[PDB]
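Taking the form deposited in one PDB entry, here's one chain by itself in structure tokens.
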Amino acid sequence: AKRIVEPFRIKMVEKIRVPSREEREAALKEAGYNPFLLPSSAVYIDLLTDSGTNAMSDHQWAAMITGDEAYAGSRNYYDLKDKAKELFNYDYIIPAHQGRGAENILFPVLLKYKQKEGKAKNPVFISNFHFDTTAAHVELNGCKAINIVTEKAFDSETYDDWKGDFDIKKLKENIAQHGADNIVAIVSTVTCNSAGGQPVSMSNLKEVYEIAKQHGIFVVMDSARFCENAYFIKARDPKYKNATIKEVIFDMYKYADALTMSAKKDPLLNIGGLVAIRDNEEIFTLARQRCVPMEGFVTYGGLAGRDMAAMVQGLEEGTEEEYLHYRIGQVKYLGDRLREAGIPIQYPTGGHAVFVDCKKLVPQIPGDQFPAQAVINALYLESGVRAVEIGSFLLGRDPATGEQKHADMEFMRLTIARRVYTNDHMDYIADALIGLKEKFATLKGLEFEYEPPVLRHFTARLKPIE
């Protein structure tokens, strides 16, 4: 494993502590053996998410301090509009308070627009993989979300350059089967979050967009981790070997008509989202009308002026290749520490998180007793580190049968915030997990002390078994 040095130094710190073992046991028992219920005060290194937990720069904080809080026509709104033109060549923006807000702005408008043409009678969206909130918004508006990620993504430990790719054969089949009139939009998610932060190649984006344009289908680039995707394109595609990151980004966005973005990810923010539309003014106008009742006025969209200011600066910083090399290299470093110690992971690592296959660590725990959660709980008890389950516990029950949905993989996700933790923190995570290797066989499954009907992973309370 190779450590890559920070292309920055620390300007402000935030104290974190490891509770004593007895405190960690007490806290975890108190949280019903569900770390989502732990107070942050009980957590040392927090790996639940890379969303909104990033460290900003001094320039971002300085931009916040001079932010224009005007209700209409904030100076930072116009800066953000200019930045979107400069990065993406897109002519229209609507800020949002975060990414799911940007989806709530754009997606119902896209459906309405296609319906007003007499189409979208049986409406669907097609994506390489819809993210959780993306699919939920699609389904809230009476549309089917179809996911057609490449079969490369399902071979967890076998390397491939582009595990986030669309399956082009499936794309064409689905267009032919549903009809182009019924495809409200194609959503290109970069990197592909549900494939584990795996990149989509430039040629895949290009071919998807060419097909869509031939059919008149609108394409949305879901852009939370677009810089990480651009880095992978430059690293792995020989055509972009000598291109700058902004050149890669510029080309990527030739292959969408609009973007939705959680700015809480690659733009290095704690809050914020963005809609940008390449040049369809009609859709922009419709989206502005939905922005008003749902988010705010069209020149702040539920964002303080200071956060638009931080976004302008963070959009810039998030494209910096030296930072991206270090950020993605830190994720790869953690994965390599685990992989070299025999811990099975999704490989190669994506831009923002390492996925550990817990089914192989604790074979004795069946899926319906949540083996990845057992590993996560053990990890927390051992170290104060809080990870998140991507397995049976998260997948929930099948609403028709009331029984556990069979999970393809039982993943523990180690989600890495940007510019927050050092490689010594990475070693701490890796060493604590490696150090459980004699304990894995003894670990016990989990049962429900209390279960919600929906979204159970957030608030359910568990109890160990036997």
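Note that residue numbering follows the sequence shown and begins at 1. Definition used throughout: the rigid core is the maximal C-alpha set that superposes within 1.5 Å between two forms.
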Problem set entry | Residue range whose averaged C-alpha B-factor is higher in the record, 402 to 410 or 63 to 71 | 402 to 410
Exercise. Which of the two stretches, 449 to 457 or 5 to 13, shows the higher mean Cα temperature factor in the record?
Worked result: 449 to 457
For this session: Quick one: which of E117, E320, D165, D251 shows the highest Cα temperature factor in the PDB entry?
Result: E117
For this session: Check the PDB entry and point out which of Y333, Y92, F131, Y300 has the largest C-alpha temperature factor.
Result: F131
For this session: Would you check the entry's CA temperature factor for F355 and let me know if it's in the chain's lowest, middle or highest third?
Result: middle
Problem set entry | Relative C-alpha B-factor of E438, binned into the chain's lowest, middle or highest third | highest
For this session: Please rank the C-alpha B-factors of the chain's modelled residues and tell me whether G342 sits in the lowest, middle or highest third.
Result: highest
Problem set entry | B-factor third for the C-alpha atom of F88 within its chain | lowest
For this session: Check where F125 lands among this chain's C-alpha B-factors and tell me if it's the lowest, middle or highest third.
Result: middle
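Below: the form deposited in another entry, not depicted.
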Exercise. Considering only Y421, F440, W61, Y428, which residue exhibits a C-alpha shift of no less than 2 Å between this form and the one not shown, with the rigid core used for superposition?
Worked result: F440
Problem set entry | Flag for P371, CA shift 2 Å or larger between this form and the one not shown after aligning core | yes
Problem set entry | Rigid core superposed: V190 CA moves 2 Å or more between this form and the one not shown | no
For this session: Answer yes if the Cα of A230 shifts by 2 angstroms or more between this form and the one not shown on a rigid-core superposition, and no otherwise.
Result: no
Exercise. Shorter or longer C-alpha distance for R278 and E117 in the other entry, given it differs from this form by 3 Å or more?
Worked result: farther
Exercise. How does the CA gap of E139 and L455 change in the other entry versus this form, closer or farther, if it moves 3 angstroms or more?
Worked result: closer
